[PDB]
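Chains as they are written, first to last, in PDB author numbering: chain A, 371 to 685; chain B, 64 to 212; chain C, 16 to 465. Idealized CB from N, CA, C, for every residue including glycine. Written out below as structure tokens is the structure these notes cover.
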Amino acid sequence: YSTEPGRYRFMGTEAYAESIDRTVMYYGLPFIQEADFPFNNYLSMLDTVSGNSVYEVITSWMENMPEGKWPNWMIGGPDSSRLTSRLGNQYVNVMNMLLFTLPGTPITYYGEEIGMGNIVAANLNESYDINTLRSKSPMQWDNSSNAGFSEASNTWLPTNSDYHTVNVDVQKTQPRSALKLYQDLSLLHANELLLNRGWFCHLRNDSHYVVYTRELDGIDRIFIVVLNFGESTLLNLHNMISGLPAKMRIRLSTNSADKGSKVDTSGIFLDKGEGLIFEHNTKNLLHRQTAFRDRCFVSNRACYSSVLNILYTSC
Amino acid sequence: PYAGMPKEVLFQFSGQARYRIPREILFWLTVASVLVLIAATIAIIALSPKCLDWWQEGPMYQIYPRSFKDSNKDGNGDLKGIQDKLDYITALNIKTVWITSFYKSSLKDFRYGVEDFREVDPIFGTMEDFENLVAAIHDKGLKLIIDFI
Amino acid sequence: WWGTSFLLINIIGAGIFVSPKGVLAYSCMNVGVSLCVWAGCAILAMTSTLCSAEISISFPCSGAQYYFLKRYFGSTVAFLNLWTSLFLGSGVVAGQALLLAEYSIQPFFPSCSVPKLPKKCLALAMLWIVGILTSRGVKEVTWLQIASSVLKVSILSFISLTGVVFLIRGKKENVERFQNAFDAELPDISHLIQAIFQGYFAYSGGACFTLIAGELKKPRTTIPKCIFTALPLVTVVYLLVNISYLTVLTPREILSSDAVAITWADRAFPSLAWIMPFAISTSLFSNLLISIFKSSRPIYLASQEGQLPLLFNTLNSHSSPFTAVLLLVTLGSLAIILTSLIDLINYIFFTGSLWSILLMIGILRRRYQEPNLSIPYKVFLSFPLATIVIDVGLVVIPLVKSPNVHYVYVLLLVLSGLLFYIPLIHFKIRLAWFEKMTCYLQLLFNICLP
Ligand SMILES: *[C@@H]1O[C@H](CO)[C@@H](O[C@@H]2O[C@H](CO)[C@@H](O)[C@H](O)[C@H]2NC(C)=O)[C@H](O)[C@H]1NC(C)=O
Ligand SMILES: *[C@@H]1O[C@H](CO)[C@@H](O[C@@H]2O[C@H](CO)[C@@H](O)[C@H](O)[C@H]2NC(C)=O)[C@H](O)[C@H]1NC(C)=O
Ligand SMILES: *[C@@H]1O[C@H](CO)[C@@H](O[C@@H]2O[C@H](CO)[C@@H](O)[C@H](O)[C@H]2NC(C)=O)[C@H](O)[C@H]1NC(C)=O
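Take a look at the structure:
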């Protein structure tokens, strides 16, 4: 049923309590087609966050994957505790950014954009797993009755008690809500070739922060993503990356009040659970340098010509 | 070569090379330019990367059918409620909608115990509702994937 | 009789392959609005064709419409018409070249958007090869044009029959879109005007048989009857083609797709084996040749009188016009390079309606003080009076909306027409270096005036 153009049929597999080497086997072989990609839920298995753990997860998945394949990422699901209860509220925004800058297809569980939390366990007449009912609460739309989910007297599950201040309706007006940041990140990912395509180059591991870059050949622009997963600290980008101006302009940040502001390259101050995306104009792409050919990956390599405004393969 | 010059005076300067060779040179230059344009077109059509697929460019949205939206005052979410909220999904710049199991079942947890693989559970609606939802999703440029046990 | 057969074969043209997207591009995916839009376009084309037939039976050829303008207006008006029709023909041939190259190039890209650079390059190459084939060689090929007409009518009949069969079968997924229509939001008047332009391009496309109608032998006997027997047939064909396209495709993919026929065949019969693109490309190439010849003819026909470029009235090579062909190629290349296809259609038929306004006021000038001296007519020219107001409504609101400055540029070029006309004729100034350039070009290309 996948012969008609524009109607390709996707199919993926789910294997969770397994190792990475046995999981990447579902990608198939260069001459045998098995699956588009197996679903990746290693991020959703984290109960605490630090630079080292996220670095290990990302590096393991990106190294064990066959070359030229399409990765994917998840941060939650119907069988895992919701993110704001697993890791805390402060990490709600930054993780979303992490979802929208890594290469591959991101997958979002319903209610993650708003930032729902788990509900206290309750028993039902129907047979259900009480250890997983905490992540199946109804969607919160507005501050009306059963959060606007239903107009009936009783719902099949109780609604979270914080819906009076956490729902879709109220967040569409607040300019600092998580929904606005999610929409901005989605739009940026959809309207930039550097994010939906191009190289992904990661620097050395660190206990506090994770820093990586996205770039493409012939664009003369790079995105530098910096995330702080530890405590409030200070960072000097000059040591990690050479050839940067003294001042840089933030393209996007978790704290929406700092959008468009200027920061000093040596002395960036980061709070607990902060994220910055810098847009830099240069010509020294990392993946062409000799020190970083072992830490950059692509799928469907291409090069962009601005004079002709096209894409070509031979580079 | 005066204004309105007739045929007889035309055979007076065309014989000169300065008026004999440039015409042929221009003709062959034009045909060469045509061939160059053809070669450039056929070169650009080749050497060009294959474009990304629909499942490679956009994020996916995972929905639990029983806890999204109720539309008949019964306490359980259904497909009609999902259809009624497609504008919100579109506003999120989502490309694919992922719906978990909704078949006619006797056990709805601990994986799933399916009673019929070609029916929709009554608490979620009917097959007509599913077809309407699929049509609505396809109209808005979205795509739908479902779970399989 | 075969006269209506020839008339419909001329009328069908080639725009039907491109318009269904553009009309659906405007009006914001409202099927009923689009159906009404082509209904109105068909009626407007009925009236314009009737008036053109009147002018043709009252005046032999294109130079005879020029002389009609001379009779009822000044020479400036006729010269302005000539130079505007030059741009009209250049834009038409450029649009046909774009459509041909674009249809030819689509199949390589399966389910994505074709880059603009290869499309423009192939359009330029096709236009140049057609231009160099017209001069110094072939003027018309009967076998190829007959084959192209047969292929086009066969493809149209096949599409219509498939749509009829699918509608008759009564499947819900094929008919449900026709039911509960009009629920889409109502667009602004500018989108209605754009849809009208696209539909008029579709339906009147190829219906330029005024010169052809001038050689008929039954004035006021069968020509209105021939129109009444031919035009509604192709109207119904076009409407049912829309029916089929909307039956087996959604508006979203029709708008997003470039080749409506190619995707229609892809979804309907995934066994086309590249036959459909090749057939449509051959038909479009034949139409390009016919159109370039039919546009080159009036320039040379009117070049013999009242023209500053006396170099234009110079048959050369194998008895072929040269200057007109070269000028048409240059203007077509500029049109290809500087702009896209849909806006070309918009500007072209905006100018066409603007000049049809003056044609209608000239016809009314035949009745301004002498209403009895009008041509015999069924309802005594009542319809042209309403069509004048229709054209006024077409031309007014694009100015107040003002979404593109090119609309103002069209009028700037029109006024520059008179600006150039004034010193040449009123002052009668002649340039020696102009004569030097003309003589040099005559010696270069063996250009002579017979
Ligand atoms: C279904 O759940 C309800 C409440 O959890 C059970 O009891 C119902 O409600 C009150 C007490 O909670 C009783 O007085 C009602 O008679 C019960 N209603 C019904 C319709 O039974 C109820 O026993 C449970 N039923 C089953 C089959 O497990
Ligand atoms: C619940 O949501 C409404 C929707 O905005 C909040 O606003 C109330 O409803 C309308 C909309 O502004 C106003 O006319 C009312 O005066 C608002 N209420 C108040 C108390 O200002 C409302 O504040 C939210 N909370 C509650 C408890 O209703
Ligand atoms: C970055 O690399 C590794 C993280 O795996 C750290 O080096 C190791 O640290 C652990 C902690 O005891 C031990 O395995 C060894 O002492 C180190 N070497 C090796 C080879 O494992 C290193 O400290 C990390 N950098 C940080 C955290 O800033």
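query: Short-range partners of chain B found in the region 544 to 565 of chain A, where Cβ spacing is below 8 Å; result: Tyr552, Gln553, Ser556, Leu557, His559, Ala560
query: Cβ neighbours of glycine 18 (chain C) in the same chain (closer than 6 Å, five flanking residues each side left out); result: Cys241
query: Contact list for the region 275 to 286 of chain C against chain A, Cβ threshold 7 Å; result: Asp281, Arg282, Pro285
query: Cβ contact (3+ pairs, closer than 8 Å) linking the region 249 to 262 of chain C and the region 171 to 179 of chain C; result: yes
query: Test: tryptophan 143 (chain C) CB closer than 8 Å to a CB of chain B; result: yes
query: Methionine 444 (chain A) - containing beta strand (DSSP E), residue span; result: 442 to 444
query: Distance, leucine 586 (chain A) Cα to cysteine 673 (chain A) Cα; result: 7 Å
query: Expected contact under 8 Å - CB spacing of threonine 278 (chain C) and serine 272 (chain C) to nearest Å; result: 5 Å
query: Residue-level contact to chain C via CB, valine 97 (chain B), 8 Å cutoff; result: yes
query: Distance between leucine 137 (chain C) and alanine 548 (chain A) (C-alpha atoms, nearest Å); result: 49 Å
query: Residues near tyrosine 552 (chain A) in its chain [Cβ-Cβ closer than 7 Å; skip 5 each side]; result: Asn466, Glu483
query: Segments assigned alpha helix (DSSP H), at least 4 residues, entirely inside the region 232 to 320 of chain C; result: 238 to 263, 266 to 271, 275 to 283, 290 to 318
query: Residue 342 (chain A) CB to nearest heavy atom of ligand 1 below 7 Å; result: The requested residue 342 (chain A) is not part of the displayed model; chain A covers only 371 to 685.
query: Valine 540 (chain A) versus A:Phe519, A:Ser520, A:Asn566, A:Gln510, residue with shortest Cα-Cα distance; result: A:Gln510
query: Residues near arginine 377 (chain A) in its chain [Cβ-Cβ closer than 8 Å; skip 5 each side]; result: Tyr371
query: Own chain residues within Cβ distance below 8 Å of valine 256 (chain C), not counting five before or after; result: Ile31, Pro35, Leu171, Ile174, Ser175, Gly178
query: Contiguous beta strand (DSSP E) assignments of at least 3 residues, all confined to the region 416 to 458 of chain A; result: 442 to 444
query: At least 3 beta-carbon pairs within less than 8 Å: the region 283 to 290 of chain C vs the region 192 to 201 of chain C; result: no
query: Inside the region 495 to 576 of chain A only - beta strand (DSSP E) runs reaching at least 3 residues; result: 569 to 572
query: Listed by chain order, chain B residues near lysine 506 (chain A) by CB distance under 8 Å; result: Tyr127, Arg129, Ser130
query: Chain-ordered list of residues that sit, by beta carbon, closer than 6 Å to a heavy atom of ligand 3; result: A:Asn422, A:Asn575, A:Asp576, A:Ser577
query: Any beta strand (DSSP E) of 3 or more consecutive residues that is wholly inside the region 89 to 168 of chain B; result: 123 to 126, 159 to 162
query: Residue range of the alpha helix (DSSP H) that includes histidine 333 (chain C); result: No alpha helix (DSSP H) holds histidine 333 (chain C); DSSP gives it neither H nor E.
query: Any chain B beta carbon closer than 8 Å to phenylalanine 74 (chain C); result: no
query: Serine 164 (chain B) at chain A interface by Cβ criterion, 8 Å; result: no
query: Proximity test, Cβ basis, 8 Å: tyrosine 82 (chain B) and chain A; result: no
query: Nearest candidate by alpha-carbon position, reference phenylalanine 300 (chain C), set C:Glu155, C:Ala339, C:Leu103; result: C:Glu155
query: Pairwise C-alpha distance: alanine 560 (chain A) and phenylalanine 519 (chain A); result: 30 Å
query: Residue from C:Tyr315, C:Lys167, C:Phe224 whose Cα sits closest to the Cα of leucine 342 (chain C); result: C:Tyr315
query: Check: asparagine 410 (chain A) C-beta below 7 Å from any heavy atom of ligand 2; result: no
query: Alpha-carbon to alpha-carbon, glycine 447 (chain A) and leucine 416 (chain A); result: 13 Å
query: Whole-Å CB distance - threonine 471 (chain A) paired with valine 580 (chain A), under 8 Å assumed; result: Their Cβ separation, rounded to whole angstroms, is 10 Å, which puts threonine 471 (chain A) and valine 580 (chain A) out of contact at 8 Å.
query: DSSP bridge partner residues for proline 476 (chain A) (one or two, in chain order); result: A:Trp443
query: Ligand 2 heavy atom lying under 7 Å from the CB of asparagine 513 (chain A); result: yes
query: C-alpha distance - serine 168 (chain B) paired with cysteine 685 (chain A), whole-angstrom precision; result: 54 Å
query: Beta-carbon proximity list for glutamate 120 (chain B), same chain, < 6 Å, skipping 5 on both sides; result: none
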